[PDB]
């Protein structure tokens, strides 16, 4: 025999497997086995991905229930899976959303400054440079310290939790709990620290002492700090790293963007569309029996929404693998999800990538890989696809 098709198919974030277009054409929803042994439905067309993400009966929260078929082990307490629902129930959604927009005074200039400094330091040191460890990740870390209102010097230690926190493991991870409890203690300290008066933590700290929020738990306040730092940093650092690969490998596009930087937002949007940063489909648990294409998904089954399945669907995005700056539906991709759980940091993520790319093209217009592309080491069993190092010269 064969065996039931296993997911994920590949940890490489520089190319989509030809298999994905085959699945999408032949079986855009089909049964697969996850790393835990569970069965799941893998959905790989734009039409069916959108259907699942816009129907709340495919629940994010219920993926955390004891006994459910699992994509991977939880790395957070089960109540934290419903992190945005908990924020909304506490009456904090508007305030959190306001704090993480890129439009706060000085934020963009801070980003440009940070990027330019990181690049000057690479240039001083001489090629080769590692653009993930010494540019994309420290730019994301600095950004999220600023947005949180926490000291920049605390960013590296918070960051180092992330190579465990965002693992995609078959089994529970003891180091994840150790790092989680310590990071929650750090954020609780921030909330009690009178010097912290700006950003998302300064705003939470004020709301904590307002009568309108007196019955919101200290644990929820700390948890917002830890979760927004971690999701934001991993997601922006990983997206920028793999977007830089896709740009480096298209000298014609690199040169057009360098020359006409007003096209950078359109090119970022295409880079988001083609991005293979999410290593796994987005999980949902069916709360009812729901027809999805030719399959009747049954109550209690796991569904996995394959982002690249949707974003490379030629029925929605003709010539899907090409970066085309003049598409008529450019923001209609699923790179930030869709529906109830649409990314709350989408603007912030776009801006981080736009600024980092602008700054890199101006400082290193001759940027190129310093190693053959096949020599990049792809991180395995993780919730993002990322090269461990990204060696470049210029």
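Positions refer to the first chain, counted from 1.
**Q.** Higher-B stretch (mean Cα B-factor, as the entry records it), 188-196 or 202-210
**A.** Between 202-210 and 188-196, it is 188-196 that shows the higher mean C-alpha B-factor.
Q. Which has higher Cα B-factors on average according to the PDB entry: 90-98 or 213-221?
A. If you average the C-alpha B-factors of 213-221 and of 90-98, the larger mean comes out for 90-98.
Q: Compare the CA B factors listed in the entry for 284, 260, 182, 132 and report the winner.
A: 260 has the highest C-alpha B-factor of those listed.
Q. Looking at 169, 277, 161, 124, which has the highest Cα B-factor in the entry?
A. 124 has the highest C-alpha B-factor of those listed.
Q. Taking the C-alpha B-factors as the PDB entry records them, is residue 70 in the lowest, middle or highest third of its chain?
A. Residue 70: CA B-factor falls in the lowest third of its chain.
Q) Among the modelled residues of its chain, does the C-alpha B-factor of residue 317 lie in the lowest, middle or highest third? A) It falls in the middle third of the chain.
Q) So where's residue 16 on the chain's Cα temperature factor ranking, which third? A) Highest third.
Q. Thinking about Cα B factors across the chain, which third does residue 375 belong to?
A. For residue 375, the deposited C-alpha B-factor lands in the lowest third.
**Q.** Entry-reported Cα temperature factor of residue 25, expressed as the chain third it lands in
**A.** CA B-factor rank for residue 25: highest third.
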